[PDB]
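Asks: Below is a structure I'd like to ask you about.
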Amino acid sequence: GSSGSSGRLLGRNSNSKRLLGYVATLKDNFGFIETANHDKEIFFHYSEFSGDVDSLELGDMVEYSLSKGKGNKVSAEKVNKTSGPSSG
């Protein structure tokens, strides 16, 4: 993160839950995420992703959230890479 000019990355955190997923596909414009059920897919733009979308690969874990009612059309927002539990 470092410090300096501080762009627009931080926002609000209180009415937004956290979720995880797995990079299903990585293109040269947008990517997809496979949920735990492996029945649906999330849509996130490179502009929405804050980190190293170019470094991301297939199988890696990521953090995202949802903010829509019941529907087939779902998309993520403010996506960012995140680590998980493992032998350190």
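Scheme for the structure tokens: letters A, B, ... for chains in order shown; per-chain residue numbers from 1; ligand numbers from 1 in order shown.
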For residue 9 (chain A), find every residue with an atom within 12 Å (counting only C-alpha atoms), except residues of its own chain fewer than 6 positions away, and show them as a count of residues only.
Replies: 10
Asks: Please provide as a tab-separated table (two decimals) with C-alpha atoms, in the first residue's frame all residues within 7 Å of residue 82 (chain A), with the sequence filter that same-chain residues fewer than 4 positions apart are discarded (counting only C-alpha atoms).
Replies:
chain	number	residue	atom	x	y	z
A	61	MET	CA	-7.78	-16.85	-4.69
A	62	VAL	CA	-9.35	-13.39	-4.65
A	63	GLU	CA	-11.65	-11.21	-2.54
Asks: List every residue of chain A that DSSP, applied to the backbone of this structure, places in strand (DSSP E), and write the result as a list in words.
Replies: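 Answer for chain A restricted to strand (DSSP E) is residues 19, 20, 21, 22, 23, 24, 25, 26, 30, 31, 32, 33, 34, 41, 42, 43, 44, 45, 61, 62, 63, 64, 80 and 81 of chain A.
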Asks: Selected residues, N, CA, C and O atoms, written as a JSON list (two decimals), in the first residue's frame, please.
Replies:
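What ended up in result-v5.json:
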[["chain", "number", "residue", "atom", "x", "y", "z"],
["A", 19, "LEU", "N", -16.37, -12.17, 0.58],
["A", 19, "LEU", "CA", -16.48, -13.47, -0.07],
["A", 19, "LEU", "C", -15.18, -13.84, -0.77],
["A", 19, "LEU", "O", -14.30, -12.99, -0.96],
["A", 20, "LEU", "N", -15.06, -15.10, -1.16],
["A", 20, "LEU", "CA", -13.86, -15.58, -1.85],
["A", 20, "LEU", "C", -14.23, -16.35, -3.11],
["A", 20, "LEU", "O", -15.39, -16.73, -3.31],
["A", 21, "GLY", "N", -13.25, -16.56, -3.98],
["A", 21, "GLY", "CA", -13.49, -17.28, -5.22],
["A", 21, "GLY", "C", -12.21, -17.77, -5.86],
["A", 21, "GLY", "O", -11.13, -17.67, -5.27],
["A", 22, "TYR", "N", -12.32, -18.31, -7.07],
["A", 22, "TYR", "CA", -11.16, -18.82, -7.79],
["A", 22, "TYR", "C", -11.18, -18.36, -9.25],
["A", 22, "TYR", "O", -12.18, -18.53, -9.95],
["A", 23, "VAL", "N", -10.07, -17.78, -9.69],
["A", 23, "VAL", "CA", -9.96, -17.30, -11.06],
["A", 23, "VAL", "C", -10.30, -18.40, -12.06],
["A", 23, "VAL", "O", -9.54, -19.34, -12.25],
["A", 24, "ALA", "N", -11.46, -18.26, -12.70],
["A", 24, "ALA", "CA", -11.91, -19.24, -13.68],
["A", 24, "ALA", "C", -11.26, -19.00, -15.04],
["A", 24, "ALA", "O", -10.83, -19.93, -15.71],
["A", 25, "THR", "N", -11.19, -17.73, -15.44],
["A", 25, "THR", "CA", -10.60, -17.36, -16.71],
["A", 25, "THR", "C", -10.02, -15.95, -16.66],
["A", 25, "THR", "O", -10.57, -15.06, -16.01],
["A", 26, "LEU", "N", -8.90, -15.75, -17.35],
["A", 26, "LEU", "CA", -8.25, -14.45, -17.38],
["A", 26, "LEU", "C", -8.01, -13.99, -18.82],
["A", 26, "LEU", "O", -7.25, -14.61, -19.56],
["A", 30, "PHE", "N", -10.99, -8.40, -19.14],
["A", 30, "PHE", "CA", -11.81, -8.76, -17.99],
["A", 30, "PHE", "C", -11.56, -10.21, -17.57],
["A", 30, "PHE", "O", -10.98, -10.99, -18.32],
["A", 31, "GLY", "N", -12.01, -10.55, -16.37],
["A", 31, "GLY", "CA", -11.82, -11.90, -15.87],
["A", 31, "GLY", "C", -13.08, -12.47, -15.23],
["A", 31, "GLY", "O", -14.04, -11.74, -15.00],
["A", 32, "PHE", "N", -13.07, -13.77, -14.96],
["A", 32, "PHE", "CA", -14.22, -14.43, -14.35],
["A", 32, "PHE", "C", -13.81, -15.14, -13.07],
["A", 32, "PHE", "O", -12.65, -15.50, -12.88],
["A", 33, "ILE", "N", -14.78, -15.33, -12.18],
["A", 33, "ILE", "CA", -14.53, -16.00, -10.91],
["A", 33, "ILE", "C", -15.52, -17.14, -10.68],
["A", 33, "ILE", "O", -16.73, -16.97, -10.82],
["A", 34, "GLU", "N", -14.99, -18.31, -10.32],
["A", 34, "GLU", "CA", -15.82, -19.48, -10.08],
["A", 34, "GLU", "C", -16.12, -19.63, -8.59],
["A", 34, "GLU", "O", -15.21, -19.83, -7.78],
["A", 41, "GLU", "N", -20.93, -17.67, -12.27],
["A", 41, "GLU", "CA", -19.67, -16.97, -12.48],
["A", 41, "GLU", "C", -19.83, -15.47, -12.23],
["A", 41, "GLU", "O", -20.88, -14.89, -12.51],
["A", 42, "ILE", "N", -18.78, -14.85, -11.69],
["A", 42, "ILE", "CA", -18.81, -13.43, -11.39],
["A", 42, "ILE", "C", -18.11, -12.63, -12.49],
["A", 42, "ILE", "O", -17.17, -13.10, -13.12],
["A", 43, "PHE", "N", -18.60, -11.41, -12.72],
["A", 43, "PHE", "CA", -18.02, -10.54, -13.74],
["A", 43, "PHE", "C", -17.39, -9.30, -13.11],
["A", 43, "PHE", "O", -18.06, -8.53, -12.44],
["A", 44, "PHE", "N", -16.09, -9.13, -13.34],
["A", 44, "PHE", "CA", -15.36, -7.99, -12.80],
["A", 44, "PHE", "C", -14.45, -7.37, -13.85],
["A", 44, "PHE", "O", -13.73, -8.08, -14.56],
["A", 45, "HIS", "N", -14.49, -6.05, -13.96],
["A", 45, "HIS", "CA", -13.67, -5.33, -14.93],
["A", 45, "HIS", "C", -12.28, -5.05, -14.36],
["A", 45, "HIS", "O", -12.10, -4.96, -13.15],
["A", 61, "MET", "N", -6.63, -17.32, -5.46],
["A", 61, "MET", "CA", -7.78, -16.85, -4.69],
["A", 61, "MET", "C", -7.89, -15.33, -4.73],
["A", 61, "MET", "O", -6.88, -14.63, -4.87],
["A", 62, "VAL", "N", -9.11, -14.83, -4.62],
["A", 62, "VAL", "CA", -9.35, -13.39, -4.65],
["A", 62, "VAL", "C", -10.49, -13.00, -3.71],
["A", 62, "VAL", "O", -11.26, -13.86, -3.27],
["A", 63, "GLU", "N", -10.60, -11.71, -3.42],
["A", 63, "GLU", "CA", -11.65, -11.21, -2.54],
["A", 63, "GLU", "C", -12.61, -10.30, -3.30],
["A", 63, "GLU", "O", -12.18, -9.42, -4.04],
["A", 64, "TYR", "N", -13.90, -10.51, -3.10],
["A", 64, "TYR", "CA", -14.92, -9.71, -3.76],
["A", 64, "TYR", "C", -16.18, -9.60, -2.90],
["A", 64, "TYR", "O", -16.24, -10.16, -1.81],
["A", 80, "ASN", "N", -9.88, -7.53, -5.07],
["A", 80, "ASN", "CA", -8.48, -7.45, -4.67],
["A", 80, "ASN", "C", -7.96, -8.81, -4.23],
["A", 80, "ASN", "O", -8.69, -9.60, -3.63],
["A", 81, "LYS", "N", -6.69, -9.08, -4.53],
["A", 81, "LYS", "CA", -6.07, -10.34, -4.15],
["A", 81, "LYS", "C", -6.00, -10.49, -2.64],
["A", 81, "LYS", "O", -5.88, -9.50, -1.91]]
Asks: CA of residue 73 (chain A) and CA of residue 15 (chain A) are how many Å apart?
Replies: 21.0 Å
Asks: Counting only C-alpha atoms, figure out which residue out of A:17, A:40, A:12, A:27 gets nearest to residue 72 (chain A).
Replies: A:40
Asks: Which of these, A:36, A:88, A:67, A:54, has the shortest distance to residue 16 (chain A) once you count only C-alpha atoms?
Replies: A:67
